[PDB]
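Residue-level listing of the chains:
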Amino acid sequence: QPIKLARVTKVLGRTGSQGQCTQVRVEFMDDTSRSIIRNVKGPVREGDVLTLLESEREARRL
Amino acid sequence: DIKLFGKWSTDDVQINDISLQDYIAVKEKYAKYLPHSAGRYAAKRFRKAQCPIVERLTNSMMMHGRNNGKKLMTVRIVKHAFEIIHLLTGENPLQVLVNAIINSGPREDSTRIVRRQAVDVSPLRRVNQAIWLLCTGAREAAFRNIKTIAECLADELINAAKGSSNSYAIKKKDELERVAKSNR
Amino acid sequence: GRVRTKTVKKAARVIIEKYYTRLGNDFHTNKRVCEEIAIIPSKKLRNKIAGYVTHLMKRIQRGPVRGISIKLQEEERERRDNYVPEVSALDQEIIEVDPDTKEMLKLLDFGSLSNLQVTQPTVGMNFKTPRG
Amino acid sequence: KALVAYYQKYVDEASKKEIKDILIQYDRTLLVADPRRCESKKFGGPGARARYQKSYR
Amino acid sequence: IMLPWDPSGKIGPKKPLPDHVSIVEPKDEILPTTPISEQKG
Amino acid sequence: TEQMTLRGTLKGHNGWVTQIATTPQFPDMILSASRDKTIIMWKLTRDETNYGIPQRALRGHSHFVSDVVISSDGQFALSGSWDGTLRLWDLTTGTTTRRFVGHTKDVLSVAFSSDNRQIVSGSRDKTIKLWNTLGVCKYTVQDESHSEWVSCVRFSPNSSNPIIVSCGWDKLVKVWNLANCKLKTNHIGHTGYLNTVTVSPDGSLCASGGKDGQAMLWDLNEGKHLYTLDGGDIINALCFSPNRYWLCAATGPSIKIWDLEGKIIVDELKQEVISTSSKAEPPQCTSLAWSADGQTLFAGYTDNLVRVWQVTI
RNA sequence: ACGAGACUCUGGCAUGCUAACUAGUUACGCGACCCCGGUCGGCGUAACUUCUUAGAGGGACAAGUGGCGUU
């Protein structure tokens, strides 16, 4: 399966044990009406592009 | 006008991975002569991003105690590293750098949320780690060795710009991504 | 952390309450008004106060503010509240009315008015909210 | 700064401004004195923030 | 002892508490509804 | 019979623009103060892009420059500032000649004589100082002065009438005998503090304005309130036309122009591309001044821009 | 009401203020060296207070604009 790019469209809150991962909605670059919730390790603001090694995995909402 | 060490131009290089377009600062407004600036980059949260990656590399180099503060030691190492990358590759070494930041960044990393669930890295987290991995790639190669950091940092930036796997930074990166693949 | 304290807010309140006429939406004049009309013993406090004055004077230019009291009260509460339309909403030409209040007016002096159109009574007594 | 003050005094604002623009649009430090100073040491540590090794047991 | 405040500088200090925000009381004037010029000399 | 239009804006101020002073001599030179310490001597090229380009920043106050005014000569310029200093700007070189020390607080206004001899300064320390051009207090009013701030002081062009007018935050417009240096008459009647007062070129009638927006005309030959003008908003600056029979008032974000003869709104001068649409105050106006001829009026707003206003017909 | 804050000292700013042979600078002159300028913490004095010192002031308040919250 290929490696799909995705756009940080809203940064939701903060997840993890030590508040070590921001939770985020990512607008896909191919299908511009597919927006999934994904956990991100490290600093992220609105509109930065994440590379996903798979798009089938999906984070549980905090 | 003409740029970096008086001899490495800016409008030759292209950032391939659009993921790191804004987080690899090397282009037009981030064209400085030396990788040395007062900056005050590390004051508010993301301003770190608007630091030229050459200056981030320079800063990331001066590590393991004794070297902390010796930025001119590193400015020099980077200058002689780029000479070696040019004469071993025949290329504006800022492209070899940018290719190494693109290749040598991990794209998915494990985290403790049991055993360590896999999450995605921030692009800035990728640039941060990229530069860390290929700086530790240099200093660990160079430690207790006849070779200089000029050679070791160059060899690291070259092997990373290829993805050779002889690169410490590529080998640790695809190890992290292997452990991230595991817990998925 | 930039929250203002009571000694800043209470001052700013009482300053506006007594001297609304001299103040505006310009910090550097409000700052210089506070010098004249009050012994503020500290420049930092003098600015903090002036600064909250300006912030309140913006909130006064909008609708009314809770903990404040000015001379007019305040030309939308004294003057506008004397708003009255052409004819009142109680001047209905056809008043909707059920047969049961017709039954009680019939047992007053008001057996028959002209402007009372009695509806066909409501069928199937079904008004209570289901339990659980 | 001394150049920008020479183009202020002895020629028009026009030449001064397009110079000042070039300097600040490159690096702001050229015409703004970086306010940072070596923050003072406090007791109980070898410097400003850093504290000495705490010893339990 | 906490001393009082007096501007004389004898029983207490001349300087008020830094918290203390003494607001001078506004004297009441009748806002004029008749434009009046008062020439003299 | 006409409406007024933009010919451009004059960019080059960081702090927003205070009392703009025009000159009879040079039609190509406007000199504006600001809420930075700069005072820009402009160059009106009247080009496509910029109507005016700045030449010389008259640098060197501590705090805001309240008022500036040009001599009849056109080679000197004089500004009062909130640090409590009056300068006397050597307008050729761009330095100071002499500087007037004595005022306690913010010197709010300044004006010249016809001679360019006697200088007068309204300040927040509740006084008005009558100077020489050699920094000597000839006379200072404390006996019966304004009991508040002095937001303007103006001179009559009339030589036979040595008269000066002062508005103030005590709600009064006091008229002064320049000779005896004590008040000629009061003008009791106006409610609220005063921002501005101006004297028409004849030197017979003056116009005062404050928060209330009730622009009041007062005759100087015999003190009488002629008529009120409901400006509607807060009057920050008033300016008579040099040749026409027109009064021009900076009324909040807009400028309302009156014909004093036919008491009617001639026009109201406003910015058109209003991008403060969603819950934001538009760029307030605080100063204005007609040119030598009176085709172009310049007006300094709180967004730092000097806006030009041209007669079309 | 105390404590918090305010506060006091301090750090950063003002070619704006008062100033200076126990602090200097820029001019001018004499002099040493280089081939008209250049170097001088070589010497001496006229202006001046930019650097210097330390006093009085001013300066910043989320004050301005834009976003989610009775806004």
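Residues numbered from 1 in each chain as written, not as in the entry; some residues may be left out. Chains lettered and ligands numbered in written order. Part of a larger assembly, values for the part shown. Heavy atoms only, no water. Residues with missing side-chain atoms left out of burial classes, pairs and counts.

In the PDB archive, cryo-EM is given as the structure determination method for this entry, at a resolution of 3.10 Å.

What about the overall build of chain C?
Going by this rule: The secondary structure listing takes helices from DSSP runs of H or I that are at least 4 residues long and strands from runs of E that are at least 2 residues long, numbered from the N terminus. Both definitions apply: the radius of gyration is a C-alpha atom measure, and the globule rule equals 2.2 Å times residues to the power 0.38. Exposure classes here rest on a 1.4 Å probe applied to the protein chains alone. A residue is buried below 20% of its type maximum, exposed above 50%, and partly exposed in between. Should any heavy atoms of two residues lie within 4.5 Å, those residues are counted as being in contact. The Shrake-Rupley method, run with a 1.4 Å probe sphere, supplies the accessible areas, and residue values consider only the shown protein chains as cover. Charge assignment: positive for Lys and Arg, negative for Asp and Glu; neither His nor the chain ends contribute. All charge positions are set by atom: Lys at NZ, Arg at CZ, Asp at CG, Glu at CD.
Secondary structure assignment for chain C yields 4 helices and 3 strands. Traced from its N-terminal end to its C-terminal end, chain C shows the element sequence α-α-β-α-β-α-β. Rg of the C-alpha trace for chain C: 29 Å, well past the compact-globule value of 14 Å for 132 residues, more than 25% over. Taken along its principal axes, the extent of the C-alpha atoms in chain C is 75 × 50 × 20 Å. Evaluated residue by residue, chain C yields a buried proportion of 27% over its 132 residues. Counted over contacts in chain C with a minimum sequence separation of 6, partners at least 24 positions apart contribute 49%. For chain C, the exposed area adds up to about 10,500 Å²; of that, 51% sits on carbon and sulfur atoms. Charged side chains in chain C number 26 positive and 17 negative. The centres of these two groups are separated by 22 Å.

A closer look at the sheet that holds strand 15 (residues 163-167) of chain F
All names here are of chain F. For the record, the criterion: Here the rule is simple: two strands pair whenever DSSP picks up at least two bridges between them. Every axis corresponds to a line fitted to the C-alpha atoms, with the helix fit spanning only the stretch in contact, and the corresponding angles, defined between N-to-C directions, vary from 0 to 180 degrees.
Ordered by their spatial adjacency, 4 strands build an open sheet running 14-15-16-17, and the pairing between neighbours is antiparallel. The sheet terminates laterally at strand 14 (152-155) and strand 17 (183-185), the two strands that pair on one side only. Taking the axes of each pair of neighbouring strands and ignoring which way they run, one obtains an average angle of 35° across the sheet. Across 2 bridges, strand 16 (residues 173-177) lies against strand 17 in antiparallel orientation. Among the inter-strand pairings, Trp176 is bridged to a residue of strand 17, identified as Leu183.

What about the protein's contact with RNA strand G?
For clarity, the cut-off: Being near a molecule or strand, for a residue, comes down to having at least one heavy atom within 4 Å of it. Whenever a nitrogen or oxygen atom comes within 3.5 Å of another N or O atom, the pair is scored as a polar contact, on the condition that within protein one atom can donate a hydrogen and the other can accept it, and that pairs from neighbouring residues in sequence are kept only if both atoms are in side chains.
In the neighbourhood of RNA strand G, 33 residues make up the surrounding shell, with C:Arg4, C:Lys31, C:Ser42, C:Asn47 and E:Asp19 lying closest. Backbone atoms, meaning sugar and phosphate, form 73% of the atoms of RNA strand G found within 4 Å of the protein. In this structure, a phosphate oxygen belonging to RNA strand G sits 2.7 Å away from a side-chain N or O atom of C:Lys43. Elements supplying a minimum of two residues to the surface near RNA strand G: helix 2 (27-37) and helix 3 (43-61) of chain C. For the surface near RNA strand G, the leading source of residues is helix 3 of chain C, giving 10 residues.

Notes on the pairing of strand 1 (residues 108-111) of chain B
Residue and element names in this part refer to chain B. Of the two faces of strand 1, the one lined by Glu108 and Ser110 and the one lined by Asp109 and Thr111 are each fully buried. One ladder, built from 4 bridges, connects strand 1 with strand 2 (residues 117-121); its direction is antiparallel. Looking at the pairing, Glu108 lines up with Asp120 of strand 2.

Observations regarding the packing of helix 3 (residues 93-104) of chain B against helix 5 (residues 149-162) of chain B
All names here are of chain B. This is how the line gets drawn: In what follows, roughly perpendicular refers to angles from 65 to 115 degrees, roughly parallel to angles under 35, roughly antiparallel to angles over 145, and oblique to any angle outside these ranges. Rotating anticlockwise by less than a right angle from the far helix to the near helix defines a left-handed crossing, while the corresponding clockwise rotation defines a right-handed one. When residues are sorted by character, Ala, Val, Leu, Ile, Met, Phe, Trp, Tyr, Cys and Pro go into the nonpolar class, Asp, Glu, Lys and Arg into the charged class, and all the rest, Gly among them, into the polar class.
Relative to each other, helix 3 and helix 5 sit at 60°, their axes nearing to 7 Å. The angle between the axes of helix 3 and helix 5 places the two elements in the oblique class. Considering only the axes of helix 3 and helix 5, their crossing is left-handed. Facing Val96, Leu97, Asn99, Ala100, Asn103 and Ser104 of helix 3, the residues of helix 5 in contact are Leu157, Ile158, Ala160, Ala161 and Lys162. Across the contact of helix 3 with helix 5, the residue classes tally to 7 nonpolar, 3 polar and 1 charged.

Brief notes about helix 4 (residues 123-142) of chain B
Residue and element names in this part refer to chain B. For the record, the criterion: Every helix has an expected span of 1.5 Å times one less than the residues it contains.
Given a rise of 1.5 Å per residue, 20 residues ought to cover 28 Å, and the 29 Å separating the end C-alpha atoms of helix 4 matches this to within 8%. Within helix 4, 15 of the 20 residues are buried, which leaves it mostly tucked inside the rest of the structure. One side-chain oxygen of the residue at the start of helix 4 lies 3.3 Å from the amide nitrogen of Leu124, identifying that residue as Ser122. Directly beyond the C-terminal end of helix 4, a positive phi value near 60° is found at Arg144.

Brief notes about the sheet that holds strand 23 (residues 254-259) of chain F
Residues and elements named next belong to chain F. An order of 21-22-23-24 is seen for the 4 strands of this open sheet, with the pairing classed as antiparallel. The sheet is open, and its two edges are formed by strand 21 (235-240) and strand 24 (264-269), each paired on a single side. Averaged over all neighbouring strand pairs, the angle between strand axes comes to 20°, with direction disregarded. One ladder, built from 5 bridges, connects strand 21 with strand 22 (residues 246-251); its direction is antiparallel. Paired with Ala237 across the two strands is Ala250, which belongs to strand 22.

Digging into the interface of chain B and chain A
Our working definition: For any pair of parts, buried area is found by adding up, for both, the accessible area (1.4 Å probe) each one loses once the two are put together. What counts as a salt bridge is simple: a side-chain nitrogen of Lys or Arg found within 4 Å of a carboxyl oxygen of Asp or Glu.
On the chain A side, the residues contacting the 24 residues of chain B number 23 residues. Both faces considered, chain B and chain A share a buried interface measuring about 2,100 Å² in area, 51% of it formed by carbon and sulfur atoms. Sorting the residues of chain B by area buried against chain A places B:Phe46, B:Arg107 and B:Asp120 first, and these three jointly supply 25% of that buried surface. For the interface between chain B and chain A, the tally reads 4 salt bridges.

A short note on the pairing of strand 25 (residues 285-290) of chain F
Along strand 25 of chain F, 6 of the 6 residues are buried, which leaves the element largely enclosed by surrounding structure. Count of turn residues in the strand 25 of chain F/strand 26 (residues 296-301) of chain F antiparallel hairpin: 5 residues, of which F:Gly294 carries a positive phi of about 105°.

Some points on the arrangement of the chains
In this assembly 6 pairs of chains touch, with chains A and B having more contacts than any other pair. Note that chain A does not reach chain C: the shortest distance linking a C-alpha of one to a C-alpha of the other is 21 Å. Left apart from each other, chain B and chain C have a closest C-alpha approach of 16 Å.

Brief notes about the packing of aromatic side chains
What counts is decided by this rule: Two rings from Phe, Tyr or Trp (for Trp, the six-membered ring) form a pair when their centres sit within 6.5 Å of each other. Planes less than 30 degrees apart are called stacked, planes more than 60 degrees apart edge-to-face, and all others tilted. Charge over a ring is defined by NZ of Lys or CZ of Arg lying within 6 Å of the ring centre and within 35 degrees of the ring normal.
Under the defined criterion, the tally for this structure stands at 7 aromatic pairs over all chains. Ring centres 6.3 Å apart and planes at 75° place the aromatic pair B:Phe5 and B:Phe82 in the edge-to-face group. Residue B:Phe5 is located in the segment before helix 1 (53-61), and its partner B:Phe82 is located in helix 2 (residues 71-89); the two are separated by 77 residues in the primary sequence. A single burial state applies to B:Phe5 and to B:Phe82, both of which are buried. Each ring, one from D:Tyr6 and one from D:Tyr7, has its centre 6.5 Å from the other, and the planes form 75°; the classification is edge-to-face. With relative accessibility at 25%, the residue D:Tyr7 sits in the partly exposed group. What links up through ring pairs into an aromatic cluster is the set D:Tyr6, D:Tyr7 and D:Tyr10. Just above the ring of F:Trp82 sits the side chain of F:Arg124; from NZ or CZ to the centre is 4.3 Å. The cationic tip of F:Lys263 hangs over the ring face of F:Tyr227; the distance from NZ or CZ to the ring centre is 4.6 Å.

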